[PDB]
file protein.tsv (TSV, C-alpha atoms and all ligand atoms)
chain	number	residue	atom	x	y	z
A	115	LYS	CA	15.04	-8.46	46.29
A	116	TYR	CA	13.71	-5.89	48.75
A	117	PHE	CA	12.91	-6.75	52.37
A	118	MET	CA	10.31	-5.09	54.63
A	119	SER	CA	9.42	-6.03	58.22
A	120	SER	CA	5.99	-5.86	59.87
A	121	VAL	CA	5.41	-3.91	63.08
A	122	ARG	CA	2.95	-6.28	64.74
A	123	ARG	CA	3.19	-10.02	65.39
A	124	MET	CA	0.97	-12.66	63.78
A	125	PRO	CA	0.83	-16.40	62.95
A	126	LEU	CA	2.26	-17.68	59.65
A	127	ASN	CA	-1.11	-17.86	57.87
A	128	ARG	CA	-1.69	-14.16	58.52
A	129	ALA	CA	1.98	-13.39	57.72
A	130	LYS	CA	1.64	-15.09	54.34
A	131	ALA	CA	-1.58	-13.17	53.68
A	132	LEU	CA	0.12	-9.85	54.47
A	133	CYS	CA	3.10	-10.32	52.14
A	134	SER	CA	0.80	-11.75	49.44
A	135	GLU	CA	-1.50	-8.74	49.71
A	136	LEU	CA	1.26	-6.58	48.23
A	137	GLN	CA	2.25	-9.34	45.81
A	138	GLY	CA	5.35	-10.43	47.67
A	139	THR	CA	6.12	-13.50	49.79
A	140	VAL	CA	7.48	-14.23	53.26
A	141	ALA	CA	11.25	-13.64	53.09
A	142	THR	CA	13.43	-16.64	52.29
A	143	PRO	CA	17.20	-16.10	52.58
A	144	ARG	CA	19.08	-18.02	49.87
A	145	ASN	CA	22.53	-17.09	51.19
A	146	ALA	CA	24.30	-15.43	54.12
A	147	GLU	CA	24.06	-11.98	52.55
A	148	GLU	CA	20.27	-12.09	52.24
A	149	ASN	CA	20.10	-13.59	55.75
A	150	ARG	CA	21.91	-10.56	57.15
A	151	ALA	CA	19.72	-8.14	55.19
A	152	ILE	CA	16.58	-9.77	56.60
A	153	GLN	CA	18.01	-9.79	60.13
A	154	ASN	CA	18.72	-6.05	59.90
A	155	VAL	CA	15.22	-5.14	58.77
A	156	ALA	CA	13.71	-7.26	61.56
A	157	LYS	CA	13.75	-5.66	65.02
A	158	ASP	CA	12.77	-8.92	66.70
A	159	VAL	CA	12.26	-12.64	65.98
A	160	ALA	CA	10.46	-12.93	62.62
A	161	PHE	CA	8.99	-15.60	60.32
A	162	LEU	CA	10.81	-16.79	57.19
A	163	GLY	CA	9.11	-18.32	54.15
A	164	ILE	CA	10.27	-21.82	55.03
A	165	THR	CA	8.40	-24.84	56.44
A	166	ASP	CA	8.55	-28.61	56.71
A	167	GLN	CA	4.76	-28.94	56.75
A	168	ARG	CA	4.56	-31.26	53.72
A	169	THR	CA	7.31	-33.63	54.87
A	170	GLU	CA	8.88	-33.58	58.36
A	171	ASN	CA	12.51	-32.44	58.44
A	172	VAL	CA	12.32	-31.52	54.74
A	173	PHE	CA	12.42	-27.73	54.62
A	174	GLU	CA	11.17	-25.93	51.54
A	175	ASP	CA	10.05	-22.41	50.65
A	176	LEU	CA	6.40	-21.41	50.26
A	177	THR	CA	6.45	-22.37	46.57
A	178	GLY	CA	7.58	-25.94	47.22
A	179	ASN	CA	11.27	-25.49	46.43
A	180	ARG	CA	13.58	-27.29	48.82
A	181	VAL	CA	15.97	-24.81	50.43
A	182	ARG	CA	19.72	-25.28	50.10
A	183	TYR	CA	21.21	-22.60	52.35
A	184	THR	CA	20.25	-22.91	56.04
A	185	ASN	CA	21.46	-21.18	59.21
A	186	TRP	CA	20.03	-23.28	62.04
A	187	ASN	CA	20.72	-22.17	65.61
A	188	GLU	CA	22.67	-24.81	67.56
A	189	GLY	CA	20.26	-27.59	68.51
A	190	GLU	CA	17.78	-26.78	65.74
A	191	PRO	CA	15.62	-27.83	64.04
A	192	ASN	CA	14.25	-29.94	66.89
A	193	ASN	CA	10.50	-30.15	66.12
A	194	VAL	CA	9.76	-29.94	69.86
A	195	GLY	CA	6.54	-30.80	71.63
A	196	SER	CA	3.57	-31.61	69.43
A	197	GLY	CA	5.64	-30.23	66.57
A	198	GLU	CA	7.24	-27.17	64.97
A	199	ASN	CA	6.93	-26.84	61.21
A	200	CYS	CA	7.52	-23.14	60.61
A	201	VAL	CA	10.76	-21.17	60.83
A	202	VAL	CA	11.82	-17.91	62.47
A	203	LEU	CA	14.99	-15.85	62.24
A	204	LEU	CA	16.33	-15.07	65.73
A	205	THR	CA	17.89	-11.71	66.66
A	206	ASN	CA	21.38	-13.15	66.15
A	207	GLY	CA	20.45	-14.23	62.63
A	208	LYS	CA	20.28	-17.98	63.28
A	209	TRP	CA	17.09	-19.95	62.63
A	210	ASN	CA	14.70	-21.88	64.86
A	211	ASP	CA	11.74	-24.05	63.92
A	212	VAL	CA	8.55	-23.02	65.73
A	213	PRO	CA	4.80	-23.84	65.73
A	214	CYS	CA	3.17	-22.19	62.73
A	215	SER	CA	0.30	-21.21	65.02
A	216	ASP	CA	2.57	-19.02	67.17
A	217	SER	CA	2.93	-15.27	66.56
A	218	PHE	CA	6.05	-13.42	65.44
A	219	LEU	CA	6.94	-10.44	63.26
A	220	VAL	CA	7.11	-11.13	59.55
A	221	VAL	CA	9.67	-10.01	56.99
A	222	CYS	CA	8.24	-9.85	53.46
A	223	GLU	CA	10.27	-10.20	50.26
A	224	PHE	CA	9.66	-8.35	46.97
A	225	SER	CA	11.32	-8.29	43.55
B	114	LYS	CA	15.19	5.19	45.72
B	115	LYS	CA	11.47	4.59	46.20
B	116	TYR	CA	9.92	1.19	45.48
B	117	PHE	CA	6.21	0.83	44.69
B	118	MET	CA	3.96	-2.18	45.30
B	119	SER	CA	0.25	-2.59	44.52
B	120	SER	CA	-2.32	-4.38	46.66
B	121	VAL	CA	-4.55	-7.13	45.29
B	122	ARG	CA	-7.78	-6.21	47.11
B	123	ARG	CA	-9.73	-2.94	47.24
B	124	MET	CA	-10.22	-0.94	50.43
B	125	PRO	CA	-11.05	2.57	51.69
B	126	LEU	CA	-8.19	5.00	52.37
B	127	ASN	CA	-7.93	4.45	56.13
B	128	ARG	CA	-7.46	0.73	55.51
B	129	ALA	CA	-4.99	1.46	52.70
B	130	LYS	CA	-2.95	3.56	55.12
B	131	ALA	CA	-3.03	0.75	57.71
B	132	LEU	CA	-1.79	-1.76	55.11
B	133	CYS	CA	1.15	0.31	53.90
B	134	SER	CA	2.18	1.27	57.43
B	135	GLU	CA	2.04	-2.38	58.55
B	136	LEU	CA	5.21	-2.86	56.50
B	137	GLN	CA	6.51	0.57	57.50
B	138	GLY	CA	5.73	2.16	54.15
B	139	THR	CA	3.23	4.87	53.17
B	140	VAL	CA	0.54	5.22	50.51
B	141	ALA	CA	2.30	6.21	47.28
B	142	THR	CA	2.67	9.93	46.61
B	143	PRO	CA	4.22	10.71	43.21
B	144	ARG	CA	6.44	13.82	43.36
B	145	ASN	CA	7.01	14.04	39.60
B	146	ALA	CA	6.00	12.44	36.28
B	147	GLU	CA	8.64	9.70	36.50
B	148	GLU	CA	7.27	8.46	39.84
B	149	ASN	CA	3.73	8.84	38.51
B	150	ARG	CA	4.60	6.52	35.63
B	151	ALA	CA	6.30	4.06	38.01
B	152	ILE	CA	3.10	3.85	40.04
B	153	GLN	CA	1.16	3.36	36.78
B	154	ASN	CA	3.41	0.38	36.00
B	155	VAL	CA	2.34	-1.46	39.16
B	156	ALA	CA	-1.30	-0.43	39.47
B	157	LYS	CA	-3.45	-2.69	37.26
B	158	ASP	CA	-6.59	-0.69	38.07
B	159	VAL	CA	-7.65	2.59	39.73
B	160	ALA	CA	-5.62	3.00	42.93
B	161	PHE	CA	-5.30	5.30	45.96
B	162	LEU	CA	-2.44	7.80	46.26
B	163	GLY	CA	-1.35	9.34	49.58
B	164	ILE	CA	-2.94	12.72	48.95
B	165	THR	CA	-5.97	14.45	50.49
B	166	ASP	CA	-7.58	17.85	50.95
B	167	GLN	CA	-9.18	16.80	54.22
B	168	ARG	CA	-7.59	19.72	56.12
B	169	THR	CA	-8.74	22.52	53.83
B	170	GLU	CA	-10.87	21.96	50.73
B	171	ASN	CA	-8.91	22.28	47.47
B	172	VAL	CA	-5.56	22.35	49.30
B	173	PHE	CA	-3.96	18.97	48.68
B	174	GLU	CA	-1.34	17.56	51.05
B	175	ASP	CA	0.40	14.21	51.36
B	176	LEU	CA	-0.54	11.99	54.29
B	177	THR	CA	2.02	13.76	56.50
B	178	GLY	CA	0.33	17.15	56.08
B	179	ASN	CA	2.87	18.34	53.53
B	180	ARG	CA	1.40	20.41	50.69
B	181	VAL	CA	2.07	18.75	47.33
B	182	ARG	CA	3.60	20.54	44.35
B	183	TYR	CA	3.28	18.13	41.43
B	184	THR	CA	-0.26	17.18	40.39
B	185	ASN	CA	-1.61	15.31	37.36
B	186	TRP	CA	-5.37	15.89	37.57
B	187	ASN	CA	-7.63	14.35	34.96
B	188	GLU	CA	-9.49	16.94	32.89
B	189	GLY	CA	-12.39	18.26	34.96
B	190	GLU	CA	-10.77	17.31	38.26
B	191	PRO	CA	-10.66	17.88	41.13
B	192	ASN	CA	-14.41	18.57	41.25
B	193	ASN	CA	-15.29	17.54	44.83
B	194	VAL	CA	-18.58	15.97	43.71
B	195	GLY	CA	-21.61	15.50	45.94
B	196	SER	CA	-21.21	15.39	49.70
B	197	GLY	CA	-17.47	15.53	49.12
B	198	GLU	CA	-14.39	13.91	47.60
B	199	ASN	CA	-11.27	14.45	49.67
B	200	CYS	CA	-9.07	11.52	48.69
B	201	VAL	CA	-7.18	10.89	45.45
B	202	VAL	CA	-6.82	7.93	43.07
B	203	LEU	CA	-4.61	7.34	40.05
B	204	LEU	CA	-6.79	6.44	37.04
B	205	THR	CA	-5.70	3.81	34.50
B	206	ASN	CA	-4.41	6.53	32.17
B	207	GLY	CA	-2.17	7.96	34.89
B	208	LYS	CA	-4.35	11.03	35.52
B	209	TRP	CA	-5.75	11.76	38.98
B	210	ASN	CA	-9.31	12.02	40.26
B	211	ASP	CA	-10.57	13.08	43.67
B	212	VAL	CA	-12.91	10.54	45.28
B	213	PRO	CA	-14.69	9.84	48.59
B	214	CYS	CA	-12.17	8.56	51.14
B	215	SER	CA	-14.78	6.00	52.14
B	216	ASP	CA	-14.89	4.40	48.67
B	217	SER	CA	-12.74	1.35	47.94
B	218	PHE	CA	-9.88	1.09	45.47
B	219	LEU	CA	-6.58	-0.74	45.14
B	220	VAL	CA	-3.72	0.88	47.00
B	221	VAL	CA	-0.15	1.44	45.90
B	222	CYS	CA	2.32	1.52	48.78
B	223	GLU	CA	5.64	3.34	48.73
B	224	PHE	CA	8.90	2.27	50.42
B	225	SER	CA	12.45	3.62	50.52
A	301	LIG	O1	15.50	-24.66	73.75
A	301	LIG	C1	15.15	-24.15	72.47
A	301	LIG	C2	13.65	-24.29	72.21
A	301	LIG	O2	12.98	-23.29	73.01
A	301	LIG	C3	11.55	-23.32	72.87
A	301	LIG	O3	11.10	-24.58	73.26
A	301	LIG	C4	11.15	-23.07	71.42
A	301	LIG	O4	11.56	-21.77	71.04
A	301	LIG	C5	11.82	-24.11	70.52
A	301	LIG	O5	11.54	-23.85	69.16
A	301	LIG	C6	13.33	-24.10	70.73
A	301	LIG	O6	13.93	-25.13	69.97
A	302	LIG	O1	-17.44	12.45	35.68
A	302	LIG	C1	-16.34	12.26	36.54
A	302	LIG	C2	-16.79	11.89	37.95
A	302	LIG	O2	-17.33	10.55	37.88
A	302	LIG	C3	-17.82	10.07	39.15
A	302	LIG	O3	-18.85	10.90	39.57
A	302	LIG	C4	-16.70	10.06	40.19
A	302	LIG	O4	-15.70	9.14	39.81
A	302	LIG	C5	-16.11	11.47	40.31
A	302	LIG	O5	-15.03	11.47	41.23
A	302	LIG	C6	-15.63	11.96	38.95
A	302	LIG	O6	-15.16	13.29	39.05
A	303	CA	CA	8.79	-29.99	61.83
A	304	CA	CA	12.76	-25.40	67.64
A	305	CA	CA	-12.29	17.79	48.40
A	306	CA	CA	-13.81	13.75	41.23
A	307	CL	CL	3.71	-26.28	63.30
call {"tool": "encode", "arguments": {"input": "protein.tsv", "output": "structure tokens"}}
result
Amino acid sequence: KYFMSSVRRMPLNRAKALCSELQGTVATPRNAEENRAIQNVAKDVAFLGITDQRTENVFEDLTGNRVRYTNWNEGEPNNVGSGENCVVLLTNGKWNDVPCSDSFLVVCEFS
Amino acid sequence: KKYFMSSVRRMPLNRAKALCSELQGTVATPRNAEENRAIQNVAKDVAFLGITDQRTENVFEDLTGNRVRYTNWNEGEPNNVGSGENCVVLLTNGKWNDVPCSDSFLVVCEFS
């Protein structure tokens, strides 16, 4: 897997479209090593290819596969307010669930 | 090493540049036959390369203004047809053709 980060921020729909344009997908760390690699390529908070849109509190990748490895920041996921169904990687490498309509950098994943 | 990825949609060069740079890469510029073949492997149809003779006609440089050495022009090219062809695409046989920068083609991005 190869990881590339975007320079501008955008909502998840646009993030997905960007990675897909070059035939990749939004980055999904499957272990601590990939998590670190993604963190390093990201210069700020960035979207991961994980969501609990289909079923609340059931996080899966963009292809429907339930994720096994997680690295939730203390207190997360909390689905605050009207809801948070997307996921971002913070600058310390931990994850936080956020509204999919909010804008962050995106890290794309390629094989 | 360099990694190459092809786009799914077609677009003019300026847009191709914007796409590749959005992920901090550049439009693919093969520096030898091996890289040219690697770009061929990912491009399913005619695609833009990061080469132009926009500065001086018939003097081809990569997008950073660096004059290229290796070229793989299709027979009869570059011919700068009509009002001008200052951009370059990789044909499906691996050979190159100069085309209008305003015409749309797939784009192959390059990363390292
Ligand atoms: O207090 C943490 C809390 O801060 C904000 O409300 C958002 O970033 C939430 O996603 C996060 O859980
Ligand atoms: O005949 C070859 C000629 O065909 C078209 O006119 C264009 O694709 C040109 O760029 C190319 O040189
Ligand atoms: Ca949720
Ligand atoms: Ca949260
Ligand atoms: Ca020309
Ligand atoms: Ca031509
Ligand atoms: Cl949401």
call {"tool": "interface_residues", "arguments": {"input": "protein.tsv", "of": "chain B", "to": "chain A", "cutoff": "8 Å", "atoms": "only C-alpha atoms", "output": "count of residues only"}}
result
8
call {"tool": "residues_near_ligand", "arguments": {"input": "protein.tsv", "ligand": "ligand CL 307 (chain A)", "cutoff": "12 Å", "atoms": "only C-alpha atoms and all ligand atoms", "output": "number ranges by chain"}}
result
A: 125-127, 164-171, 192-202, 210-217
call {"tool": "atom_distance", "arguments": {"input": "protein.tsv", "atom1": "atom CA of residue B:186", "atom2": "atom CA of residue B:208"}}
result
5.4 Å
call {"tool": "residues_near_ligand", "arguments": {"input": "protein.tsv", "ligand": "ligand CA 306 (chain A)", "cutoff": "7 Å", "atoms": "all atoms listed in the file", "output": "PyMOL selection string"}}
result
chain B and resi 190-194+198+210-212
call {"tool": "residues_around", "arguments": {"input": "protein.tsv", "residues": "residue A:148", "least_positions_apart": "4", "cutoff": "12 Å", "atoms": "only C-alpha atoms", "output": "list in words"}}
result
residues 115, 116, 117, 141, 142, 143, 144, 152, 153, 154, 155, 162, 183, 184, 185, 203, 207, 221 and 223 of chain A
call {"tool": "atom_distance", "arguments": {"input": "protein.tsv", "atom1": "atom CA of residue B:147", "atom2": "atom CA of residue A:140"}}
result
29.2 Å
call {"tool": "atom_distance", "arguments": {"input": "protein.tsv", "atom1": "atom CA of residue A:123", "atom2": "atom CA of residue B:221"}}
result
22.9 Å
call {"tool": "residues_near_point", "arguments": {"input": "protein.tsv", "point": "(18.9, -22.5, 65.4)", "cutoff": "6 Å", "atoms": "all atoms listed in the file", "output": "NGL selection string"}}
result
:A and (186-188 or 190 or 208-210)
call {"tool": "residues_near_point", "arguments": {"input": "protein.tsv", "point": "(-3.5, 6.1, 33.4)", "cutoff": "10 Å", "atoms": "all atoms listed in the file", "output": "VMD selection string"}}
result
chain B and resid 149 to 150 152 to 154 156 to 159 187 203 to 209
call {"tool": "build_atoms", "arguments": {"input": "protein.tsv", "residues": "stretch 195-222 of chain A", "atoms": "N, CA and C atoms", "output": "short mmCIF file (atom, residue, chain, number, x, y, z; two decimals), in the frame of the given file"}}
result
data_model
loop_
_atom_site.label_atom_id
_atom_site.label_comp_id
_atom_site.auth_asym_id
_atom_site.auth_seq_id
_atom_site.Cartn_x
_atom_site.Cartn_y
_atom_site.Cartn_z
N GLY A 195 7.92 -30.67 71.22
CA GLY A 195 6.54 -30.80 71.63
C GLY A 195 5.69 -31.52 70.60
N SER A 196 4.48 -31.01 70.39
CA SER A 196 3.57 -31.61 69.43
C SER A 196 4.02 -31.31 68.01
N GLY A 197 5.10 -30.55 67.88
CA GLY A 197 5.64 -30.23 66.57
C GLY A 197 5.88 -28.76 66.26
N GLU A 198 6.88 -28.51 65.41
CA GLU A 198 7.24 -27.17 64.97
C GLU A 198 7.58 -27.30 63.49
N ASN A 199 6.73 -26.73 62.64
CA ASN A 199 6.93 -26.84 61.21
C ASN A 199 7.17 -25.53 60.48
N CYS A 200 7.24 -24.43 61.22
CA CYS A 200 7.52 -23.14 60.61
C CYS A 200 8.90 -22.70 61.07
N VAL A 201 9.42 -21.63 60.49
CA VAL A 201 10.76 -21.17 60.83
C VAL A 201 10.86 -19.67 61.10
N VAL A 202 11.60 -19.31 62.14
CA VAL A 202 11.82 -17.91 62.47
C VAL A 202 13.31 -17.60 62.49
N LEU A 203 13.63 -16.35 62.21
CA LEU A 203 14.99 -15.85 62.24
C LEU A 203 15.15 -15.15 63.60
N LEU A 204 16.08 -15.64 64.41
CA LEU A 204 16.33 -15.07 65.73
C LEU A 204 17.08 -13.74 65.61
N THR A 205 17.20 -13.00 66.72
CA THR A 205 17.89 -11.71 66.66
C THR A 205 19.41 -11.79 66.43
N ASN A 206 19.96 -13.00 66.45
CA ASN A 206 21.38 -13.15 66.15
C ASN A 206 21.53 -13.71 64.74
N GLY A 207 20.42 -13.75 64.00
CA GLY A 207 20.45 -14.23 62.63
C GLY A 207 20.34 -15.73 62.38
N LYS A 208 20.39 -16.53 63.44
CA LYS A 208 20.28 -17.98 63.28
C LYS A 208 18.80 -18.33 63.23
N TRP A 209 18.48 -19.53 62.75
CA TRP A 209 17.09 -19.95 62.63
C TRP A 209 16.60 -20.93 63.70
N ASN A 210 15.29 -20.94 63.92
CA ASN A 210 14.70 -21.88 64.86
C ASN A 210 13.35 -22.30 64.31
N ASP A 211 13.04 -23.60 64.39
CA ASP A 211 11.74 -24.05 63.92
C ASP A 211 10.76 -23.81 65.06
N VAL A 212 9.56 -23.32 64.72
CA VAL A 212 8.55 -23.02 65.73
C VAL A 212 7.17 -23.43 65.23
N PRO A 213 6.16 -23.47 66.14
CA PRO A 213 4.80 -23.84 65.73
C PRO A 213 4.28 -22.75 64.81
N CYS A 214 3.69 -23.15 63.69
CA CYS A 214 3.17 -22.19 62.73
C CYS A 214 2.05 -21.36 63.32
N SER A 215 1.42 -21.89 64.37
CA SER A 215 0.30 -21.21 65.02
C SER A 215 0.75 -20.13 66.00
N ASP A 216 2.05 -20.05 66.27
CA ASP A 216 2.57 -19.02 67.17
C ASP A 216 2.76 -17.70 66.41
N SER A 217 2.80 -16.60 67.15
CA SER A 217 2.93 -15.27 66.56
C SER A 217 4.29 -14.60 66.67
N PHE A 218 4.78 -14.12 65.52
CA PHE A 218 6.05 -13.42 65.44
C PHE A 218 5.92 -12.32 64.39
N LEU A 219 6.94 -11.49 64.27
CA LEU A 219 6.94 -10.44 63.26
C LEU A 219 7.09 -11.20 61.95
N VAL A 220 6.93 -10.50 60.84
CA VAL A 220 7.11 -11.13 59.55
C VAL A 220 7.97 -10.21 58.69
N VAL A 221 8.87 -10.81 57.91
CA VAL A 221 9.67 -10.01 56.99
C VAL A 221 9.17 -10.49 55.63
N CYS A 222 8.73 -9.55 54.80
CA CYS A 222 8.24 -9.85 53.46
C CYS A 222 9.34 -9.58 52.45
#
